[PDB]
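Observations on the three-dimensional arrangement
Given next are the chains, with one letter for each unit.
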Amino acid sequence: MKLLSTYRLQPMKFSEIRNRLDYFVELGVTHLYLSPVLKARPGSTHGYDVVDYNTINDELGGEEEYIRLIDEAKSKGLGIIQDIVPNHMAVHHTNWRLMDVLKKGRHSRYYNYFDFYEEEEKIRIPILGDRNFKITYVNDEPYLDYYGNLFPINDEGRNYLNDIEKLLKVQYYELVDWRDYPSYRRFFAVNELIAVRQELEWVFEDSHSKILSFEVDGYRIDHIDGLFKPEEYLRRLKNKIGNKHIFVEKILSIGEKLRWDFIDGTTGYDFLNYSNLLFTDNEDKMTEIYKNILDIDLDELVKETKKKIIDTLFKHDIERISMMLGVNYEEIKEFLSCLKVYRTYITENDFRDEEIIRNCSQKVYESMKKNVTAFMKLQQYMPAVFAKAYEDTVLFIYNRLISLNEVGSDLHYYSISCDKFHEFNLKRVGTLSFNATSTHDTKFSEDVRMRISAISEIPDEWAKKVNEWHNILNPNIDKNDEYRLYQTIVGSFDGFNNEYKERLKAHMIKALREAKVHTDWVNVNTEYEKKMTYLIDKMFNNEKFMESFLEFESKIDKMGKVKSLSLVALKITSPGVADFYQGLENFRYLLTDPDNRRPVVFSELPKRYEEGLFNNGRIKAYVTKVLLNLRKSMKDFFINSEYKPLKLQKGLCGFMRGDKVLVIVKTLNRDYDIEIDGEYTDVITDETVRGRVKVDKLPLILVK
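Residues numbered from 1 in each chain as written, not as in the entry; some residues may be left out. Heavy atoms only, no water.

- Deposited coordinates in this entry are attributed by the record to X-ray crystallography, at a stated resolution of 1.90 Å.

Here it is, written out as structure tokens:
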């Protein structure tokens, strides 16, 4: 099927997806973007923790149900884009490849399959809080059982089942303190995920045999940046799959181009952030307000956070490579904190990135030329530094306007002009790269971000409400966390009820622990966390605050809905492939994983335009449906047609696609009238329009 739009599903039984196919057809999507489908750890909710590359997940219905879904989708005119996970597997006893290594050590065929630290005599596995061991059997074979975590026993160890300490001494692995370093490359700092050596061709072949055997339309590659040689992997993949699509999950910096021109693109955090930057207002006022809550230098914060992340999460991993490079740990740590991209892509015959490296350190550049392989190892940790320090710490501290605090965001950027957005789109004509606005990993859903950005349109009223609320509630949390909380409730508000109350508490504690200012995941400050949760309880029972909030929130909700509809219009009518996170056909207000993992629910889609659609909230589904179906009916027009910017006043953004489609959207909640040449049909309202057209609550998608 020809690719125009994707609908991302979190894990769902294949039979349940199959029975919803008519819905997806009606909505107008061309492709289902499925979560990983290979056998994972028991009851995995996400599928990123693979235990066997050879088997389709039985919990989801298994291989025959998968094939059935693929075939019935095809017959209904829908294709499949399949998420795959090459970088790592799960450390679990159902991972038979890994168990083979733990049982046989270096003599296992699979020792090279995983990225073990070869200088280590034994494979160190950080897990112990005590020495309380037992023996538990799996299919008649004895396992070392540490609180249900099972490890195999070699032939020598099996003579010592009644003497566990002696059994452990002769093992090829060593169980160590849970705070210690593992002797393998992980996914980021996740001890339970061990990295796979995709650079070895037999490992590529072995891990891709099953998943590539099915009649899907394309693939989405989890964490491409973890790979030793990502380009080579992508070339190997392209060679095996024929003409099927390849998309990568990869975070680009502003002005950074995807390194690999021979794949289809990324999952679209570039579009997410460029479009996000169109909806903010009043930088000066919002900056001034925040100066009085917390005045800090962003660059200093980022640099220091990166150094801290390296010391606390990756010290052994980086020390090892520093030793290989002949550069001291403190200098490599400093170099890593200097990088302004997720990673570089040096290979043994590609040194394009050497000036990026040199710019940060002359000595590091010199060490790279002398030890290319060692530096290529360093590259695999570069994204972990960036993600853990920036996405998972900095984004929870710098609270000027948290709609900007998103995966793929550079906090130096507060806004961009409509013209800068056009420059981005102009270069994208013909691309199949995704236009994303919400994902399973975004800090917020699109509709939350649109609400929070709407705050910046009325900053005087906002400042007034913030002060008023402070005086009503008398919070004993610090000013930055208070400002974070106010923005979060405004963005994510779903009624003063218990369900939402507990979601908000859960999220705020996560936000506090990520920021690591007053509390963290290792050492929980239960007292300070109680202050935050007590404040939220107080908010949901204090009558004055709720009345004040609901008056402000009624405004923000309306403003957010207008901005959201504009964003949807931009996503569908721009070059690129329109991506939808499950449920975002409707206004859906999601916070950070796990909040954004709540089950999708399906409703009947609206059948025609009615003025009441905006107020009852069904407008988003209608707009999504009509525009996706327009995209679909025009074949490849939205992919390949000319992109022609319009010159419009501030707060409006517009363009033509070819000579057929005129698009004008409001990024700000203000009154606008536009003059149009000749007659057009408004595809949302189904009205024939001419002359002066009002831009009210809806985007204008006008067809000639």
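1. Things to note about the overall build of the protein chain
- If you tally the helices and strands in the protein chain, you get 26 helices and 24 strands.
- For the protein chain, the C-alpha radius of gyration of 26 Å lies close to 27 Å, the compact-globule estimate for 704 residues.
- With the C-alpha coordinates aligned to their principal axes, the bounding extent of the protein chain is approximately 85 × 60 × 50 Å.
- For the protein chain, with 704 residues in total, the buried portion stands at 61%. (Helix = DSSP H or I, 4+ residues; strand = E, 2+ residues; numbered from the N terminus. Rg over C-alpha atoms; globule rule 2.2 N^0.38 Å. Buried < 20%, exposed > 50% of the residue type's maximum accessible area, 1.4 Å probe, protein only.)

2. Examining helix α19 (residues 459-473)
- In this model, α19 (15 residues) spans 21 Å end to end at C-alpha, consistent with the 21 Å of a helix rising 1.5 Å per residue.
- Elements that come into contact with the buried residues of α19 comprise α9 (283-291), α18 (446-455), α20 (479-492), α22 (526-539) and α23 (543-573). (Expected span 1.5 Å × (residues − 1). Contact = heavy atoms within 4.5 Å.)

3. Here's the deal with the pairing of strand β4 (residues 50-56)
- Among the seven residues of β4, five are classified as buried, and the element is accordingly described as predominantly covered.
- Relative to β4, strand β3 (residues 38-40) runs antiparallel, the two sharing three bridges. Bridging across to β4, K39 finds its partner in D52. (Pairing = 2+ DSSP bridges.)

4. Some thoughts on the pattern of salt bridges
- Tallied over the full model, the rule gives 65 salt bridges.
- Note that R131 and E165 form a salt bridge whose closest N and O atoms lie 2.7 Å from each other. With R131 in the loop between β7 (123-128) and β8 (134-138) and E165 in helix α5 (residues 164-169), the pair connects residues that are 34 residues apart, well separated along the chain.
- A relative accessible area of 49% places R131 in the partly exposed class.
- The exposure class of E165 is partly exposed, given its relative accessible area of 31%.
- A salt bridge links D537 to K501, with the shortest nitrogen-to-oxygen separation between them at 2.8 Å. Taken together, the positions of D537 in helix α22 and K501 in helix α21 (residues 498-515) put the pair 36 residues apart, joining distant regions of the chain. (Salt bridge = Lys/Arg side-chain N within 4 Å of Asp/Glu carboxyl O.)

5. Considerations on the environment of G691
- Mapping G691 onto the fold places it in strand β23 (residues 687-695).
- Taking the C-alpha atoms as reference, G691 lies 5.3 Å from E675; in sequence the two are 16 residues apart.

6. A look at the sheet that holds strand β20 (residues 652-657)
- The strand order across the open sheet formed by six strands is β19-β20-β21-β24-β22-β23, and the pairing between neighbours is antiparallel. Because the sheet does not close on itself, it has two edges, and the strands there are β19 (643-645) and β23. When the angles between neighbouring strand axes are averaged without regard to direction, this sheet yields 20 degrees.
- In this sheet, strand β21 (residues 661-666) lies alongside β20 in antiparallel orientation, the contact comprising six bridges. Directly across from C653, in β21, lies its bridge partner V665.
- Along the sheet, α23 contacts β20, β21 and β24 (700-703); its crossing angle with β21, the most-contacted strand, is approximately 150 degrees. (Axes fitted to C-alpha atoms, helices over the stretch in contact; angles between N-to-C directions.)

7. Comments concerning the pairing of strand β22 (residues 672-682)
- The pairing of β22 with β23 spans eight bridges and is antiparallel. When the sheet's bridge partners are listed, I676 is paired in β23 with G691.
- Linking β22 back to β23 in an antiparallel pair, the connection comprises four residues, with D686 at a positive phi of about 60 degrees.
- Sheet topology note: the β22/β24 ladder contains two bridges and is antiparallel. Bridge pairing in β24 places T681 opposite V703.

8. Things to note about the environment of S574
- Relative to the assigned elements, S574 resides in the loop between α23 and β18 (577-581).
- What makes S574 buried here is its relative accessible area of 0%.
- Each C-alpha atom of the pair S574 and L646 lies 13 Å from the other, and the pair is 72 residues apart in sequence.
- Once you skip the residues sitting within four places of it in the chain, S574 turns out to touch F271, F421, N425, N435, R631, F638, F655 and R657.
- A distance of 2.8 Å separates a polar atom in the side chain of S574 from the backbone oxygen of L570. (Polar contact = N/O pair within 3.5 Å; in protein donor to acceptor, adjacent residues only side chain to side chain.)

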